[PDB]
Amino acid sequence: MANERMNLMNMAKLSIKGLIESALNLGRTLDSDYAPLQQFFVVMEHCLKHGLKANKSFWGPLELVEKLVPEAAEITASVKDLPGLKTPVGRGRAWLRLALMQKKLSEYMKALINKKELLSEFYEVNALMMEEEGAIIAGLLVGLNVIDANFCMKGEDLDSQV
């Protein structure tokens, strides 16, 4: 279990660094078609599912966030109202994308890992989010605050000068 954690963290380090470097080279707003970003969401999900106690999957832990950081209220509500979103895993995926758009993911993950008593309801004692790897990942996520992503309508696609 301690090895699976280290592998996931090394997987996260690589995805975070690749996303940041690639996005900076690209220079424009990112959306769902951006492969380095799709990789980040998948790795982040694998990290959040690790050591989950045997069902909201990783959505369970993400729900606690708004109680620790009020600002996460709006996106939490948004996902509970997303058109056709029917599964917890789906809500967890939409929540991650909106958090990345808000440039708030590091803040939300740091708030969670710092409340292991609450997290224990959802994770085993040796889960990534319950261990040191989880804390390193939350710190590494701060670099993603530079990412400009929009998973909805982009104003630049609609504008025209009269």
# chains A, B, ... in the order shown; residues from 1 in each chain; ligands from 1
>>> closest_atom_pairs(of="segment 39-89 of chain A", to="segment 129-150 of chain A", cutoff="12 Å", atoms="only C-alpha atoms", output="tab-separated table")
residue	atom	partner	partner_atom	distance
A:40	CA	A:144	CA	10.2
A:41	CA	A:141	CA	11.9
A:43	CA	A:137	CA	11.0
A:44	CA	A:137	CA	9.2
A:45	CA	A:129	CA	11.5
A:46	CA	A:129	CA	11.0
A:47	CA	A:129	CA	7.6
A:48	CA	A:129	CA	6.8
A:49	CA	A:129	CA	9.0
A:50	CA	A:129	CA	7.6
A:51	CA	A:129	CA	8.1
A:52	CA	A:129	CA	9.1
A:53	CA	A:130	CA	11.7
A:58	CA	A:129	CA	10.8
A:61	CA	A:129	CA	9.8
A:62	CA	A:129	CA	11.6
>>> write_last_selection(atoms="C-alpha atoms", output="compact mmCIF listing (two decimals), in the first residue's frame")
# COMPACT_ATOMS: atom_id res chain seq x y z
CA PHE A 40 -4.21 15.37 -14.88
CA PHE A 41 -7.89 14.73 -14.11
CA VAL A 43 -4.33 10.87 -12.27
CA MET A 44 -6.00 13.10 -9.70
CA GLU A 45 -9.01 10.75 -9.66
CA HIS A 46 -6.80 7.64 -9.18
CA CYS A 47 -5.15 9.50 -6.29
CA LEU A 48 -8.48 10.37 -4.70
CA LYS A 49 -9.84 6.81 -5.04
CA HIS A 50 -6.84 5.25 -3.33
CA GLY A 51 -7.54 3.57 -0.03
CA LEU A 52 -11.20 4.54 -0.14
CA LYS A 53 -13.08 2.52 2.49
CA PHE A 58 -14.28 9.88 -4.26
CA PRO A 61 -14.61 13.19 0.50
CA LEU A 62 -15.08 16.06 -1.98
>>> residues_around(residues="segment 80-83 of chain A", least_positions_apart="6", cutoff="12 Å", atoms="only C-alpha atoms", output="NGL selection string")
:A and (59 or 63 or 73-74 or 90-95 or 98 or 152)
>>> closest_atom_pairs(of="segment 20-85 of chain A", to="segment 110-113 of chain A", cutoff="10 Å", atoms="only C-alpha atoms", output="JSON lines")
{"residue": "A:61", "atom": "CA", "partner": "A:112", "partner_atom": "CA", "distance": 8.0}
{"residue": "A:62", "atom": "CA", "partner": "A:112", "partner_atom": "CA", "distance": 8.3}
{"residue": "A:64", "atom": "CA", "partner": "A:112", "partner_atom": "CA", "distance": 7.7}
{"residue": "A:65", "atom": "CA", "partner": "A:112", "partner_atom": "CA", "distance": 6.5}
{"residue": "A:66", "atom": "CA", "partner": "A:111", "partner_atom": "CA", "distance": 9.7}
{"residue": "A:67", "atom": "CA", "partner": "A:111", "partner_atom": "CA", "distance": 9.8}
{"residue": "A:68", "atom": "CA", "partner": "A:111", "partner_atom": "CA", "distance": 6.4}
{"residue": "A:69", "atom": "CA", "partner": "A:111", "partner_atom": "CA", "distance": 7.1}
>>> atom_distance(atom1="atom CA of residue 5 of chain A", atom2="atom CA of residue 116 of chain A")
16.6 Å
>>> atom_distance(atom1="atom CA of residue 79 of chain A", atom2="atom CA of residue 97 of chain A")
10.2 Å
>>> select_by_dssp(residues="segment 44-126 of chain A", states="alpha helix (DSSP H)", output="PyMOL selection string")
chain A and resi 44-49+59-68+73-80+88-102+105-113+116-119
>>> atom_distance(atom1="atom CA of residue 37 of chain A", atom2="atom CA of residue 22 of chain A")
9.3 Å
